[PDB]
Every structure is written in C-alpha cells, then in structure tokens.
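Peer 1: Could you have a look at this structure, given as structure tokens, before my questions?
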4 protein chains.
Amino acid sequence: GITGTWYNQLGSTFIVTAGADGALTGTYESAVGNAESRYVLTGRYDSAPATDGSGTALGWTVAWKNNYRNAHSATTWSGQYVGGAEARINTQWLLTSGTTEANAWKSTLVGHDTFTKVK
Amino acid sequence: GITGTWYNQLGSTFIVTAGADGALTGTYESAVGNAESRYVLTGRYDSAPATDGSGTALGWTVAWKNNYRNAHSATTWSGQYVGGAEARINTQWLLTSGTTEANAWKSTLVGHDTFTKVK
Amino acid sequence: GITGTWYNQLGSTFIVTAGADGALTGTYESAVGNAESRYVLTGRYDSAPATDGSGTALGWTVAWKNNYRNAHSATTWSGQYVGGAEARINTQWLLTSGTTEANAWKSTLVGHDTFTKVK
Amino acid sequence: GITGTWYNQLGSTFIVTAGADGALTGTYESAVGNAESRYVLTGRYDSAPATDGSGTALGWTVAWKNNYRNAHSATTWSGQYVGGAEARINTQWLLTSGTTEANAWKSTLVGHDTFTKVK
C-alpha cells in the first residue's frame, strides 16, 4: 500500500511508485523545495517488512534540478510507512545544499515531514 | 568525477554510477549496516552544479535488504561531492529502522560519513 | 511566555523556567526518556528575539541520570518557541547514548517533539 | 577528564567546566557561530558513566546572543566524550534559527563537530 499519491502537512505532494525489487520512483512538487515544479524522486524500501505490525522502512532522494529550476540542493527523506485505516509516511529529511568548503558547515538542513494519502 | 568507488572512514565501500539525467546507482557493503553483503543503492544529484566551485548536491537511499539479510531498515545519505586533488563525499545520513508506533520515536538514527576514493 | 509547563505529543511533560540572562532550567518526565522519573534540564535562549514575529531560538539538554535511574544517554533539544493564542515549542532533538568506539556510529538518534502548554 | 578547553576541526574553542551533579558550563568563540565573540554555554552530562569503557553522554546549548551580537539562533550540541590518550568529544549539533511559521521548515540545521583538547 506504499505506492500512491502522498501529501505532507505543508501541501507538498509525493507521488510514488513501489517496485517488487524494493525500488521507489515518483515525483515531487508544491513549494517547500521550489514553488511550482516537478522534481524526480528515487529511493528504496524493503519488500519484506516485519509481519508483526511495524512501519515499512523506506527513503528517497530528490535533487532539485529539472528542465526549469536548479537550487543546487537535495533533500533525502528517510522514514517508515505505517499502514492501517489511514496510510501514513512519517519521515525525517536532510536538505543538503551544495556549498563551498567554507560554508560546508551550514550546508545540510534537517527536519521532519509526515505524508498522508488524503488532501 | 562523482562516479567511482568510494570508501568511508569505517571501511564501508560505496560503488556508485552517475547518469547524465542526474540518476545515481550503485551498491553498498562492508559492516556498518550488515557485516558482509551487497546492498542496492539509488539516489540523485544535480547534473549542472555551480561553476564557481562548490560541492555537488547528492544523496542516495539504501534499504538494508538483499537476497540474504533484511534488517528492516533504510540508511539514507545526503551530502555534497567536493572535487579537487582528492575527491571527497561529506554526507549526513539517517538510518530509519522500521518500528511500531510505540517505538517510532527511536526509529531514526543520525550520523555522518565521509567518503574518499582511496583505500 | 516561554516559561511554564509544556507537554509533547507523547505525553512527556516539560517544566521550564526562563531567566532574564537567557538561561533555561527545569525538569523532564513521562516515559520517552525513562518511564517515571524526574530529570534535570538546562539550556539557553535569546532574551531579545526578533520583534517582527518569529520563533524564539531556544534549546536545552537532558542527560538521563538522577538519584534512581541512569541510561547513559542525553537528548539535547533545539527548536524555537512560537507565541500566539496557543503557545508552541517545535523542537528537534538528538538522543546520544554513550557507546564504545565500535558502536559510536549508532550512538546518536534524531527526532522531533512539539510542546504545547495544554494537557 | 571532561573539564577543559576543547577545539573543533574548524578552530571553534569550547571552554567547558563540569560539575559533580552533572552540570556543564562554559563559553564558545571562534567564527562558526559568530566571528569573534563570547557565547555562554550550559549543558548536562552523566556523572556516573559506564565503567566498561564507553563515551560519556553529554550535551550543551549555546544561543548566539551576548552583549554585542544576537543571531537569534541556537546550536545545541549532543555527543559523547571519549577518553583515552587523546581526549575527544564527538558531537552532533542542531542549529535552530528563529524563523517565522512560513520559514520554520528551513529553521534547523544539522551537522557534526569533533572537539579535541590540543590546538
């Protein structure tokens, strides 16, 4: 049930497709990265998660480059998909903007974003 | 110069291939996640980084599962590739193990790993 | 308005006192660290935040040692206090358990905890 | 052996005093936060760490405000002190700048800083 279209609390939509081998592909839009543009996402997840009831570990990388804009930065999400009546993707993300060696200390951000299927 | 075989300070080898579209593919081995096994990695990077001299924003996801072992966890690296006389990949990473809703607060780890081409 | 008693979404209570010099003192309880025990907290904040409307940069650390239990770990919170009709403390935290040099890669956790005044 | 004057890889000096109760006090200087200014630090650590050989859990908060400069920011270090022939403090830090609700996603930074006693 991981495949689908997901939305975060800031409105950023997360269209994702899961493969049987554990692949993860999709797109990203809506502000937080860049205002209105498509960004290609790719990551991985485990195809055989625990059967006792537990979040499905997954993650994906989105580098903000496309045919229009390029912020020289990538946010790489890492969380687990919690199934149930309402599907949830609670993730922690690290936006790493490409900086010089002097500014490399302030290059990487960190945060959290929770994704739901309804919006 | 981003494509190649990379090693972290703990000995974990990071074989990576970069595509012209910004794709990032490879494998991960050597202990830190699991002792001796191949793990598929996929991520992204910007194909047109800044020309003034700056790290190339990149990232990759590795869900720790293969044909042999499955730790129900995904380790997700996010950093920038710094070129020069010696190539360097300074990254922050978030290993998110799949846990229950009760243990979801202790699911995600954070760290750093720097990758060089020589070992 | 930063001083008070705060609660996170997991029920952990955050009693805090702010000083005019920017000091931050209080206690921490309720499960997430240890089941039922008082833990001393100390941190800092800026006593002259921006007047245009912005979160107040604050942070604190709690090391789980007391007269009863000792987990050899510290979670060190860093966030900003957002004032308004409902007071909010949105924080990111890093639980660093004391490990050996071999396990030092898995020592530090990361997460988020939001604190409100009502519970 | 935790009390002393510590230096990170980027020249930032970390003068710290530890108390028997587990307290932690000191100052911070040298660029990364602000170019040349004193910044008050206070934190905590466990006074009874493991005796089998392991890092001593510690943390501290520094809010960049003083009598001269105020960046409305706090970097809140969380790491363990590793003793031995050379004393080491390997820490992860989260710099949270006080931002508005719109910019609150890009408020918190993440990184690492290792502190040694020699410089």
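What you see of chain C is 40-158, where the numbers are those given in Swiss-Prot.
Recorded method for this deposit: electron microscopy, 2.6 Å.
Placement of Cβ uses the backbone N, Cα and C atoms for every residue, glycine included.
Copying in the features that Swiss-Prot gives for the protein in this structure:
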- C:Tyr67, C:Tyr78, C:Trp116, C:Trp132, C:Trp144: biotin binding site (BINDING)
Peer 1: Cβ within less than 8 Å of a chain B Cβ is the test here; which of the binding-site residues C:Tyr78, C:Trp116, C:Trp132 meet it?
Peer 2: none
Peer 1: By a 10 A CB contact count over all chains shown, which of the binding-site residues listed here is most packed: C:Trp116, C:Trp144?
Peer 2: C:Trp116
Peer 1: State the three-class DSSP label for C:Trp132 (biotin binding site), counting H, G and I as helix, E and B as strand, and everything else as coil.
Peer 2: strand
Peer 1: Near chain D by Cβ (under 8 Å): which of the binding-site residues C:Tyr67, C:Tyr78, C:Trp144?
Peer 2: none
Peer 1: Using DSSP and three states only, what is C:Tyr67 (biotin binding site)?
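Peer 2: For C:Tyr67 (biotin binding site) - judged by DSSP and reduced to three states - the answer is strand.
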Peer 1: Whole number in angstrom, please: the longest C-alpha to C-alpha distance across C:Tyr67, C:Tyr78, C:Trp116, C:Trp132, C:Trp144 for biotin.
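Peer 2: Taking every pair among C:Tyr67, C:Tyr78, C:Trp116, C:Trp132, C:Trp144, the longest Cα gap is 27 Å.
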Peer 1: Here are the binding-site residues: C:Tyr67, C:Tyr78, C:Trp132. Which has the lowest count of other Cβ atoms within 10 Å?
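Peer 2: Among the binding-site residues C:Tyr67, C:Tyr78, C:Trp132, the sparsest Cβ neighbourhood within 10 Å belongs to C:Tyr78.
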